[PDB]
């Protein structure tokens, strides 16, 4: 069954983390909301195929909120990558397969480029490369308007599955309520310009598997499809939108397992 604990890294972060299984390491990095309970169903299904699965709340979010302001303000992909390397160091995970969506996508590409010895293969979903004035403008609002605006975006615009999103339960939505203002002030103004996609030739031949949400409006991640095709990187679709691990947890878990198995075959 599942380990649920905390670990402190020398950068001042106290992480909430979860771990299940034994075998090769698979690390599920959250989206910007930093909430690892969204992986709860898929952690068990992936672990049961012979993997050790690790996930965690992101610095300043949810149960990893005990952290210095630097880790949840002016956040970049490069910062997030150095923070994940810190918890992998503390958990003695030397070689890992990594999943990440949105800011997590930018984090896993930064990990694969920045720390190639540590990363077997990366799965990135919907990597945000463009500033959006309407997300950036939330940063200057009051806490309670931010939470009302962004809770409605998640539920009605980008969940890919409103009932599955609601079924996360009241405890999860109470933690997200407090994350929204932190995310607004620290993420949308600085994440997109940090996207590690400026150098197409740097992506060519890397063990990277790129997805976009099948139901996402084409304009949102059009640029991801162009970039992946130019770099020869494997690019495909998962069902739903920004949270395939919430909207379609069984399809998500099968994709993570089969993608990790394909790379374990290739490395021999």
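Positions refer to the first chain, counted from 1.
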**Asked** Per the PDB record, is the mean Cα temperature factor higher over 130-138 or over 117-125?
**Response** 130-138
**Message:** Tell me which stretch, 77-85 or 140-148, has the higher mean Cα B-factor listed in the entry.
**Reply:** 140-148
**Complete:** One of 191, 98, 174, 101 has the largest Cα B-factor in the entry, namely 174
**Prompt:** Out of 44, 54, 211, 216, which one has a C-alpha B factor higher than all the others in the entry?
**Reply:** 44
**Item:** Among modelled residues of the same chain, the CA temperature factor third for residue 8
**Value:** highest
**Fill in**
For residue 67, the third of its chain by CA B-factor is the highest
**Prompt:** Taking the C-alpha B-factors as the PDB entry records them, is residue 38 in the lowest, middle or highest third of its chain?
**Reply:** middle
**Message:** When the deposited Cα B-factors of this chain's modelled residues are ordered and cut into thirds, is residue 235 in the lowest, the middle or the highest one?
**Reply:** middle
**Message:** Ranking every modelled residue in this chain by its Cα temperature factor as given in the entry, which third contains residue 250?
**Reply:** middle
